[PDB]
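A.B. asks: Here you go, one structure.
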Amino acid sequence: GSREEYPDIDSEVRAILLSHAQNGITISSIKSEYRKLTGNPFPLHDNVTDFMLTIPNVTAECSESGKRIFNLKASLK
Amino acid sequence: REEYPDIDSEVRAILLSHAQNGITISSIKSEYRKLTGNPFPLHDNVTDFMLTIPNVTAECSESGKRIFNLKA
């Protein structure tokens, strides 16, 4: 249970997403940006893709070079 | 992919035929069930495996529905 020592993980990750909404972000970037944002190393060591995709309005996919990319879904109106 | 050699082929097929409208995990599992005649090997972290398949996209919807697709 890593939610005990890092309870705000949800809003912190959504925050990084929101900051990267335009172009999307990789995993290693999510981590470095998490460190920059909170002063603490990204706590999640297992199943990060699953964690990312537990968050609504998120899409993921790979570039041709094999980078797994996450981004917010465009709004529909 | 290791123990199950043809898993790649089978999941690629389930995608090709049944994912045209997007496909959830459990749909992949029941489709695999109706395909190979046996329960889908993976339980946890299927999203990771799916994403390792070329030309596949994942999405968590506004309402929290996890759906997989082929790009175009």
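Following the order of the structure tokens, chains are lettered A, B, ..., residues in each are numbered from 1, and ligands are numbered from 1.
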Could you name the residues that touch residue 27 (chain B) at 12 Å or less, counting only C-alpha atoms, but leaving out those on the same chain fewer than 3 positions away, as a tab-separated table (two decimals) with N, CA and C atoms, in the first residue's frame?

C.D. replies:
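The new file result.tsv reads:
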```tsv
chain	number	residue	atom	x	y	z
B	11	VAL	N	-4.42	-13.03	-29.81
B	11	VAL	CA	-4.93	-11.74	-29.38
B	11	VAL	C	-5.03	-10.77	-30.55
B	14	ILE	N	-8.35	-11.79	-32.21
B	14	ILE	CA	-9.47	-11.26	-31.45
B	14	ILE	C	-9.64	-9.76	-31.71
B	15	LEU	N	-8.53	-9.02	-31.71
B	15	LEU	CA	-8.56	-7.62	-32.09
B	15	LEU	C	-9.12	-7.42	-33.50
B	18	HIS	N	-12.98	-8.69	-33.68
B	18	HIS	CA	-13.93	-8.17	-32.69
B	18	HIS	C	-13.74	-6.79	-32.07
B	19	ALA	N	-12.65	-6.10	-32.39
B	19	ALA	CA	-12.35	-4.81	-31.77
B	19	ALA	C	-12.75	-3.58	-32.58
B	21	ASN	N	-15.30	-1.97	-32.90
B	21	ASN	CA	-16.04	-1.01	-32.08
B	21	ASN	C	-15.30	-0.64	-30.79
B	22	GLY	N	-14.07	-1.14	-30.66
B	22	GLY	CA	-13.34	-1.02	-29.41
B	22	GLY	C	-13.64	-2.25	-28.59
B	23	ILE	N	-12.71	-2.67	-27.74
B	23	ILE	CA	-12.94	-3.90	-27.01
B	23	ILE	C	-12.40	-3.80	-25.59
B	24	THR	N	-13.20	-4.25	-24.63
B	24	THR	CA	-12.75	-4.24	-23.25
B	24	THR	C	-11.87	-5.45	-22.98
B	30	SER	N	-13.27	-13.39	-22.89
B	30	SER	CA	-14.34	-14.30	-23.29
B	30	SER	C	-14.17	-14.67	-24.76
B	31	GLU	N	-13.61	-13.75	-25.54
B	31	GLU	CA	-13.34	-14.04	-26.94
B	31	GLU	C	-12.21	-15.06	-27.04
B	32	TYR	N	-11.18	-14.87	-26.22
B	32	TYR	CA	-10.11	-15.85	-26.14
B	32	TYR	C	-10.68	-17.19	-25.68
B	33	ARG	N	-11.59	-17.13	-24.72
B	33	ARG	CA	-12.27	-18.33	-24.22
B	33	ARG	C	-12.96	-19.09	-25.35
B	34	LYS	N	-13.73	-18.37	-26.16
B	34	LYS	CA	-14.44	-18.96	-27.29
B	34	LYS	C	-13.51	-19.29	-28.45
B	35	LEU	N	-12.26	-18.84	-28.36
B	35	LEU	CA	-11.31	-19.06	-29.44
B	35	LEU	C	-10.47	-20.31	-29.20
B	40	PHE	N	-8.33	-17.27	-20.64
B	40	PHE	CA	-7.23	-16.38	-20.98
B	40	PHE	C	-6.17	-16.41	-19.89
B	66	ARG	N	-12.25	0.92	-19.66
B	66	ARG	CA	-10.98	0.61	-20.30
B	66	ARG	C	-11.23	-0.05	-21.66
B	67	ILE	N	-10.81	0.60	-22.74
B	67	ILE	CA	-11.08	0.07	-24.06
B	67	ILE	C	-9.86	0.07	-24.97
B	68	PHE	N	-9.69	-1.02	-25.70
B	68	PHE	CA	-8.57	-1.19	-26.62
B	68	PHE	C	-9.01	-1.21	-28.08
```

A.B. asks: Run DSSP on the backbone and give me the residues of chain B it puts in strand (DSSP E), as number ranges by chain.

C.D. replies: B: 56-60, 66-70

A.B. asks: For the residues selected in the previous step, produce a file with N, CA and C atoms as a PDB file, in the first residue's frame.

C.D. replies:
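Writing the result to selection.pdb gives the following:
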```pdb
ATOM      1  N   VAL B  56      -1.641  -0.839 -31.425  1.00  0.00           N
ATOM      2  CA  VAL B  56      -2.758  -0.878 -30.483  1.00  0.00           C
ATOM      3  C   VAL B  56      -2.798   0.362 -29.595  1.00  0.00           C
ATOM      4  N   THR B  57      -4.004   0.866 -29.341  1.00  0.00           N
ATOM      5  CA  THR B  57      -4.184   1.981 -28.435  1.00  0.00           C
ATOM      6  C   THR B  57      -5.110   1.593 -27.300  1.00  0.00           C
ATOM      7  N   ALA B  58      -4.845   2.164 -26.124  1.00  0.00           N
ATOM      8  CA  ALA B  58      -5.673   1.950 -24.948  1.00  0.00           C
ATOM      9  C   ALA B  58      -6.326   3.254 -24.572  1.00  0.00           C
ATOM     10  N   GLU B  59      -7.461   3.170 -23.901  1.00  0.00           N
ATOM     11  CA  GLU B  59      -8.108   4.366 -23.425  1.00  0.00           C
ATOM     12  C   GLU B  59      -8.885   4.113 -22.139  1.00  0.00           C
ATOM     13  N   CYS B  60      -8.794   5.045 -21.198  1.00  0.00           N
ATOM     14  CA  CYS B  60      -9.703   5.042 -20.062  1.00  0.00           C
ATOM     15  C   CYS B  60     -10.689   6.161 -20.345  1.00  0.00           C
ATOM     16  N   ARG B  66     -12.254   0.917 -19.663  1.00  0.00           N
ATOM     17  CA  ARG B  66     -10.981   0.615 -20.301  1.00  0.00           C
ATOM     18  C   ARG B  66     -11.235  -0.047 -21.661  1.00  0.00           C
ATOM     19  N   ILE B  67     -10.806   0.600 -22.737  1.00  0.00           N
ATOM     20  CA  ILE B  67     -11.085   0.067 -24.062  1.00  0.00           C
ATOM     21  C   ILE B  67      -9.858   0.067 -24.966  1.00  0.00           C
ATOM     22  N   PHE B  68      -9.694  -1.023 -25.703  1.00  0.00           N
ATOM     23  CA  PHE B  68      -8.567  -1.189 -26.619  1.00  0.00           C
ATOM     24  C   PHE B  68      -9.005  -1.211 -28.080  1.00  0.00           C
ATOM     25  N   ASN B  69      -8.120  -0.720 -28.938  1.00  0.00           N
ATOM     26  CA  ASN B  69      -8.435  -0.509 -30.338  1.00  0.00           C
ATOM     27  C   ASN B  69      -7.202  -0.704 -31.187  1.00  0.00           C
ATOM     28  N   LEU B  70      -7.424  -0.872 -32.485  1.00  0.00           N
ATOM     29  CA  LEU B  70      -6.359  -0.774 -33.465  1.00  0.00           C
ATOM     30  C   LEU B  70      -6.364   0.660 -33.976  1.00  0.00           C
TER      31      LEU B  70
END
```

A.B. asks: If we count only C-alpha atoms, which residues of chain A reach to within 8 Å of chain B? Please list them as a list in words.

C.D. replies: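 Selected residues: residues 47, 49, 50, 53, 54, 55, 56, 57, 58, 59, 60, 61 and 62 of chain A.
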
A.B. asks: Leaving out residue 6 (chain A) and any residue of its chain fewer than 6 positions from it, which residues lie within 12 Å of it when counting only C-alpha atoms, given as a PyMOL selection string?

C.D. replies: chain A and resi 12-13+34+38-44

A.B. asks: Need to verify the contact set: residue 23 (chain A), 10 Å, only C-alpha atoms, exclusion of same-chain residues closer than 3 positions in sequence. Can you return it as a PDB file with N, CA and C atoms, in the first residue's frame?

C.D. replies:
```
ATOM      1  N   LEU A  17      -0.312  15.457 -16.045  1.00  0.00           N
ATOM      2  CA  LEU A  17      -1.033  15.248 -17.287  1.00  0.00           C
ATOM      3  C   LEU A  17      -1.523  16.579 -17.821  1.00  0.00           C
ATOM      4  N   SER A  19      -0.530  19.476 -17.225  1.00  0.00           N
ATOM      5  CA  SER A  19       0.575  20.321 -17.669  1.00  0.00           C
ATOM      6  C   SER A  19       1.089  19.903 -19.042  1.00  0.00           C
ATOM      7  N   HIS A  20       0.968  18.613 -19.347  1.00  0.00           N
ATOM      8  CA  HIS A  20       1.353  18.057 -20.656  1.00  0.00           C
ATOM      9  C   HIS A  20       0.253  17.766 -21.695  1.00  0.00           C
ATOM     10  N   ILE A  69       3.413   6.433 -24.749  1.00  0.00           N
ATOM     11  CA  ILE A  69       2.980   7.808 -24.613  1.00  0.00           C
ATOM     12  C   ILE A  69       1.575   7.896 -24.028  1.00  0.00           C
ATOM     13  N   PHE A  70       1.433   8.774 -23.033  1.00  0.00           N
ATOM     14  CA  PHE A  70       0.162   9.042 -22.369  1.00  0.00           C
ATOM     15  C   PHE A  70      -0.305  10.466 -22.632  1.00  0.00           C
ATOM     16  N   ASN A  71      -1.613  10.646 -22.736  1.00  0.00           N
ATOM     17  CA  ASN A  71      -2.147  11.974 -22.971  1.00  0.00           C
ATOM     18  C   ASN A  71      -3.595  12.042 -22.533  1.00  0.00           C
ATOM     19  N   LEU A  72      -4.106  13.256 -22.358  1.00  0.00           N
ATOM     20  CA  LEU A  72      -5.510  13.443 -22.019  1.00  0.00           C
ATOM     21  C   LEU A  72      -6.333  13.384 -23.291  1.00  0.00           C
TER      22      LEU A  72
END
```

A.B. asks: Enter the distance from CA of residue 25 (chain B) to CA of residue 39 (chain B), in Å, rounded to one decimal.

C.D. replies: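 Computed distance, CA of residue 25 (chain B) to CA of residue 39 (chain B), equals 12.9 Å.
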
A.B. asks: Determine the nearest neighbour of residue 29 (chain A) from the options A:77, A:68, A:3, A:45, counting only C-alpha atoms.

C.D. replies: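 So, comparing all the options, the nearest one is A:68.
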
A.B. asks: As a list in words, please: every residue in chain A that DSSP puts in helix (DSSP H, G or I).

C.D. replies: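 Those in chain A that DSSP calls helix (DSSP H, G or I) are residues 9, 10, 11, 12, 13, 14, 15, 16, 17, 18, 19, 20, 27, 28, 29, 30, 31, 32, 33, 34, 35, 36, 37, 38, 48, 49, 50, 51 and 52 of chain A.
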